[PDB]
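To keep things clear, I will list the structure first and then write my remarks on it.
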Amino acid sequence: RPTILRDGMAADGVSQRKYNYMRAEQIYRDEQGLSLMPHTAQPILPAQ
Amino acid sequence: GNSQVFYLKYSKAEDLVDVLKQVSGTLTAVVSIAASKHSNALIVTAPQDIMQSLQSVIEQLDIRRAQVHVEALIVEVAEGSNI
Amino acid sequence: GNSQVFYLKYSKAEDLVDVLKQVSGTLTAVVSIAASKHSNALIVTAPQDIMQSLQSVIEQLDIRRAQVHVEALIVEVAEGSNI
Amino acid sequence: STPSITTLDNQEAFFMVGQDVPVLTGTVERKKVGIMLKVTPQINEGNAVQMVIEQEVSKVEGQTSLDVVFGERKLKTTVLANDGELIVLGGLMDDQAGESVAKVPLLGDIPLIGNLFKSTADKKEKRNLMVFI
C-alpha cells in the first residue's frame, strides 16, 4: 500500500496515528502494570 | 555582477552541477558551474544571455519533492494434519 | 595594492580555493588563488575588474551556517505467550 | 531508545554506543555493532529539513554455530521533515499465532474426557517496532 504525503497535514495524519497508536499501546502497558511494583514508571513516549 | 551565486532551496548542489556541466557545454555553441558543498550553493559564471537560460533551468528544477510511505503486508496461513 | 588578502569569517579557506579555482579560470576569458591554511585566509591575485567579481563572490559565500539537532526515537514493544 | 546528534548544515556526522566484536573471515576482522545514527541534514527553505539517515541497531546474539551471530535493524532512507515535527521513518508490526494439537483418532473428540488425550500446544506472539525522528 503506497501512501504519498503532501504537507504537514499528511505527516500530521500518518505520523499522528502511528505515534499516538504506539504511545497508546505503551499506555496499555502502563495501565496493565507490572505484577510486582506498581510504583515503577513504564517507558512512555513524550506528550506531543 | 558578471557571475552570480544561487542558493538552492530544495535540492543538493552536486546533483545540479552534475546536470549543468552538460547544458552550458553545448549551449555556448567560457562558462563555469561550481558547487559549494558546505554552504548549499552553486556558482554560475556565464554571459548575460546564458545566465537567464541557466537561471530559468535552476528555477524549474528547485522544486518541492513529495514523499511516499510504503506499507507492504505479508500473510502466511498454514494447515497440516496427518493420520 | 594589486593583490589582496581576505579573512574568511565563517568558512574554511581550502573549500573556498577548491571552488574558486574554477571561477577565475574561465572568468579571465593571470590569476592566483592561494589559501593560507594556518591563518584562515585566501589570497586573491587578479586585475581590478576580476577583483570586484571574486570579492563579491567571497562576500556572498562567507555566510552564517545554521546547525541542526537531530533526535531519533526507537520504540520496541513485544509480547509472547504460549500455552 | 533515543540517540541525538548536533551537526552543522550539510556536514555528515554519526554516533555509536556499540562494541567491537572479532568476526573471523577465513582473517579476523573487527566489526562494529550497537546503536548507530549517521545523518547528513540539509536545511531547505520554509524551515524544512532534508536528512539522509543511515541508522542501525545491532546486538550480539549467541548461539555461536561456527561464529557469533548478530541482530541488525538497520535502515537507509531519506526523509523531509518539518521544523520540529515528528515523522515516522520505518517500522515492523509483526504478529503471529500457532496451534499444534495431537489427538488419538477415535477417542480424541470425546466432549467430556477427550481433553485428557490431546497434547494441545499453542503459541501467541506479537511484536511492534518503530523508528521516529
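Lettering and numbering for the C-alpha cells are positional, with chains as A, B, ... in the shown order, residues counted from 1 in each chain, and ligands counted from 1 in the shown order.
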Result of fitting chain B to chain C over every paired C-alpha, as an mmCIF file with C-alpha atoms, in the first residue's frame:
data_model
loop_
_atom_site.group_PDB
_atom_site.id
_atom_site.type_symbol
_atom_site.label_atom_id
_atom_site.label_comp_id
_atom_site.auth_asym_id
_atom_site.auth_seq_id
_atom_site.Cartn_x
_atom_site.Cartn_y
_atom_site.Cartn_z
ATOM 1 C CA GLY B 1 47.588 47.035 -3.931
ATOM 2 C CA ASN B 2 47.394 44.657 -6.879
ATOM 3 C CA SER B 3 46.756 41.516 -4.845
ATOM 4 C CA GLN B 4 44.731 41.437 -1.639
ATOM 5 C CA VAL B 5 44.126 39.174 1.350
ATOM 6 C CA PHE B 6 40.629 38.264 2.532
ATOM 7 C CA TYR B 7 39.957 36.897 6.004
ATOM 8 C CA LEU B 8 37.106 34.406 5.829
ATOM 9 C CA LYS B 9 34.715 34.912 8.722
ATOM 10 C CA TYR B 10 32.590 31.751 8.640
ATOM 11 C CA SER B 11 34.177 29.252 6.236
ATOM 12 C CA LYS B 12 37.384 27.320 5.752
ATOM 13 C CA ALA B 13 39.938 28.532 3.238
ATOM 14 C CA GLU B 14 40.647 25.274 1.397
ATOM 15 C CA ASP B 15 36.983 24.874 0.454
ATOM 16 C CA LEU B 16 36.913 28.390 -0.984
ATOM 17 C CA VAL B 17 40.059 27.841 -3.018
ATOM 18 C CA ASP B 18 38.695 24.477 -4.249
ATOM 19 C CA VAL B 19 35.665 26.386 -5.505
ATOM 20 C CA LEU B 20 37.491 29.447 -6.825
ATOM 21 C CA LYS B 21 39.990 27.572 -8.988
ATOM 22 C CA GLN B 22 37.077 27.168 -11.429
ATOM 23 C CA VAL B 23 35.578 30.667 -11.377
ATOM 24 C CA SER B 24 38.622 32.713 -12.383
ATOM 25 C CA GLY B 25 39.998 30.053 -14.737
ATOM 26 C CA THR B 26 37.261 30.731 -17.272
ATOM 27 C CA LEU B 27 36.306 34.166 -15.936
ATOM 28 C CA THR B 28 39.525 35.507 -17.494
ATOM 29 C CA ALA B 29 38.092 34.560 -20.905
ATOM 30 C CA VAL B 30 46.999 35.766 -14.918
ATOM 31 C CA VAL B 31 45.129 34.893 -11.699
ATOM 32 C CA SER B 32 46.192 33.257 -8.446
ATOM 33 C CA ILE B 33 44.027 31.980 -5.611
ATOM 34 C CA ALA B 34 46.054 30.501 -2.750
ATOM 35 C CA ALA B 35 44.816 29.642 0.731
ATOM 36 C CA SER B 36 46.848 30.168 3.901
ATOM 37 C CA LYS B 37 45.560 27.245 5.950
ATOM 38 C CA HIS B 38 47.115 28.121 9.303
ATOM 39 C CA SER B 39 45.918 31.740 9.344
ATOM 40 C CA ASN B 40 42.402 31.339 7.804
ATOM 41 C CA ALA B 41 42.847 33.473 4.711
ATOM 42 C CA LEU B 42 42.789 33.065 0.956
ATOM 43 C CA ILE B 43 44.859 35.358 -1.251
ATOM 44 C CA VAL B 44 43.472 36.757 -4.496
ATOM 45 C CA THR B 45 45.849 37.991 -7.200
ATOM 46 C CA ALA B 46 43.790 39.400 -10.056
ATOM 47 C CA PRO B 47 43.181 42.545 -12.124
ATOM 48 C CA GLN B 48 40.791 45.190 -10.844
ATOM 49 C CA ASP B 49 37.751 44.032 -12.818
ATOM 50 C CA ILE B 50 38.069 40.402 -11.708
ATOM 51 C CA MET B 51 38.808 41.554 -8.138
ATOM 52 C CA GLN B 52 35.343 43.040 -7.650
ATOM 53 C CA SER B 53 33.703 39.893 -9.029
ATOM 54 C CA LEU B 54 35.661 37.491 -6.814
ATOM 55 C CA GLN B 55 35.275 39.929 -3.922
ATOM 56 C CA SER B 56 31.509 39.838 -4.442
ATOM 57 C CA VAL B 57 31.505 36.027 -4.559
ATOM 58 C CA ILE B 58 33.557 35.808 -1.348
ATOM 59 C CA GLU B 59 31.144 38.310 0.221
ATOM 60 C CA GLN B 60 28.230 36.091 -0.833
ATOM 61 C CA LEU B 61 29.731 32.791 0.366
ATOM 62 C CA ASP B 62 31.037 33.871 3.792
ATOM 63 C CA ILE B 63 27.687 33.266 5.481
ATOM 64 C CA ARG B 64 26.466 32.094 8.869
ATOM 65 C CA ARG B 65 25.778 28.354 8.819
ATOM 66 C CA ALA B 66 22.874 27.135 10.912
ATOM 67 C CA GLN B 67 23.035 23.972 12.995
ATOM 68 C CA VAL B 68 20.548 21.146 13.439
ATOM 69 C CA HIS B 69 19.941 18.863 16.415
ATOM 70 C CA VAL B 70 18.536 15.527 15.219
ATOM 71 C CA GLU B 71 16.734 13.306 17.730
ATOM 72 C CA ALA B 72 15.719 9.845 16.510
ATOM 73 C CA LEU B 73 13.445 7.723 18.689
ATOM 74 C CA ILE B 74 13.206 3.930 18.728
ATOM 75 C CA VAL B 75 10.189 2.073 20.104
ATOM 76 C CA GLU B 76 10.032 -1.705 20.501
ATOM 77 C CA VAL B 77 7.069 -3.424 22.149
ATOM 78 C CA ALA B 78 6.932 -7.220 22.323
ATOM 79 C CA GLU B 79 4.575 -9.832 23.780
ATOM 80 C CA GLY B 80 4.975 -13.598 23.836
ATOM 81 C CA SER B 81 2.706 -16.170 25.489
ATOM 82 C CA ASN B 82 2.444 -19.879 24.658
ATOM 83 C CA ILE B 83 0.329 -22.464 26.481
#
Proximal residues of chain D relative to chain B (only C-alpha atoms; 12 Å) as an mmCIF file with C-alpha atoms, in the first residue's frame:
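Result file out.cif:
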data_model
loop_
_atom_site.group_PDB
_atom_site.id
_atom_site.type_symbol
_atom_site.label_atom_id
_atom_site.label_comp_id
_atom_site.auth_asym_id
_atom_site.auth_seq_id
_atom_site.Cartn_x
_atom_site.Cartn_y
_atom_site.Cartn_z
ATOM 1 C CA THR D 7 25.791 18.803 13.170
ATOM 2 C CA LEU D 8 26.027 21.854 11.005
ATOM 3 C CA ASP D 9 24.235 22.228 7.702
ATOM 4 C CA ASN D 10 25.443 19.777 5.012
ATOM 5 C CA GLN D 11 28.082 18.177 7.254
ATOM 6 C CA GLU D 12 27.735 14.469 7.924
ATOM 7 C CA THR D 40 23.545 14.371 6.868
ATOM 8 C CA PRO D 41 20.952 17.107 7.288
ATOM 9 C CA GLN D 42 20.211 19.852 4.801
ATOM 10 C CA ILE D 43 18.186 22.960 5.602
ATOM 11 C CA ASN D 44 15.539 23.698 2.986
ATOM 12 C CA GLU D 45 13.650 26.967 2.859
ATOM 13 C CA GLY D 46 10.390 27.178 4.693
ATOM 14 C CA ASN D 47 12.389 25.779 7.657
ATOM 15 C CA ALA D 48 12.139 22.213 6.391
ATOM 16 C CA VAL D 49 14.962 19.738 6.943
ATOM 17 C CA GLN D 50 16.067 17.100 4.446
ATOM 18 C CA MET D 51 18.008 14.280 6.081
ATOM 19 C CA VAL D 52 19.993 11.347 4.745
ATOM 20 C CA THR D 77 16.301 6.231 3.954
ATOM 21 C CA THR D 78 15.927 9.909 3.074
ATOM 22 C CA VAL D 79 13.113 11.898 4.669
ATOM 23 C CA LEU D 80 11.938 15.515 4.546
ATOM 24 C CA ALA D 81 10.557 16.527 7.924
ATOM 25 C CA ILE D 87 7.831 11.823 11.156
ATOM 26 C CA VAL D 88 7.733 8.032 11.105
ATOM 27 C CA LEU D 89 10.567 6.506 9.097
ATOM 28 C CA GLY D 90 10.202 2.752 9.265
ATOM 29 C CA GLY D 91 8.688 0.014 11.343
ATOM 30 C CA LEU D 92 7.548 -3.560 11.657
ATOM 31 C CA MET D 93 4.293 -4.772 13.185
ATOM 32 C CA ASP D 94 4.926 -8.488 13.497
ATOM 33 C CA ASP D 95 2.020 -10.707 14.517
ATOM 34 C CA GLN D 96 1.989 -14.487 14.790
ATOM 35 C CA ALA D 97 -0.167 -17.331 16.034
ATOM 36 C CA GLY D 98 0.037 -21.089 16.240
ATOM 37 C CA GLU D 99 -1.639 -24.378 17.131
ATOM 38 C CA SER D 100 -0.445 -27.963 17.471
ATOM 39 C CA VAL D 101 -2.994 -30.421 18.862
ATOM 40 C CA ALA D 102 -2.145 -34.141 18.848
ATOM 41 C CA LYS D 103 -5.167 -36.393 19.312
ATOM 42 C CA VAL D 104 -5.784 -40.126 19.377
ATOM 43 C CA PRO D 105 -8.099 -40.711 16.376
ATOM 44 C CA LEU D 106 -11.381 -42.089 17.729
#
Could you give me, as a tab-separated table, a per-residue list for chain D showing, wherever an atom lies at most 9 Å from an atom of chain A, the closest pair of atoms and their distance in Å to one decimal, using only C-alpha atoms and sorting by chain then residue number from low to high?
residue	atom	partner	partner_atom	distance
D:81	CA	A:11	CA	8.6
D:82	CA	A:8	CA	7.4
D:85	CA	A:12	CA	8.5
D:86	CA	A:15	CA	6.8
D:87	CA	A:15	CA	5.4
D:88	CA	A:15	CA	5.6
D:128	CA	A:22	CA	8.4
D:129	CA	A:22	CA	8.8
D:130	CA	A:22	CA	8.2
D:132	CA	A:19	CA	8.3
At a cut-off of 8 Å, can you tabulate as JSON lines every residue of chain A near chain B together with its closest atom pair and the distance in Å to one decimal, using only C-alpha atoms and ordering rows by chain then number?
{"residue": "A:1", "atom": "CA", "partner": "B:71", "partner_atom": "CA", "distance": 5.1}
{"residue": "A:2", "atom": "CA", "partner": "B:70", "partner_atom": "CA", "distance": 4.5}
{"residue": "A:3", "atom": "CA", "partner": "B:69", "partner_atom": "CA", "distance": 5.0}
{"residue": "A:4", "atom": "CA", "partner": "B:68", "partner_atom": "CA", "distance": 4.2}
{"residue": "A:5", "atom": "CA", "partner": "B:67", "partner_atom": "CA", "distance": 5.4}
{"residue": "A:6", "atom": "CA", "partner": "B:66", "partner_atom": "CA", "distance": 6.2}
Could you list, as a PDB file with C-alpha atoms, in the first residue's frame, every residue within 10 Å of residue 24 (chain D), counting only C-alpha atoms and ignoring same-chain residues fewer than 3 positions away?
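Below you can see around_17.pdb, which holds the result:
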ATOM      1  CA  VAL D  21      33.370  -7.952  18.013  1.00  0.00           C
ATOM      2  CA  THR D  27      41.428 -13.331   8.559  1.00  0.00           C
ATOM      3  CA  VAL D  28      39.702 -11.987  11.659  1.00  0.00           C
ATOM      4  CA  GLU D  29      38.188  -8.546  11.122  1.00  0.00           C
ATOM      5  CA  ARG D  30      36.759  -6.120  13.670  1.00  0.00           C
ATOM      6  CA  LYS D  31      33.085  -5.347  13.099  1.00  0.00           C
ATOM      7  CA  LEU D  66      30.543 -21.549  13.552  1.00  0.00           C
ATOM      8  CA  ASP D  67      30.945 -17.935  14.682  1.00  0.00           C
ATOM      9  CA  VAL D  68      28.923 -15.381  16.632  1.00  0.00           C
TER      10      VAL D  68
END
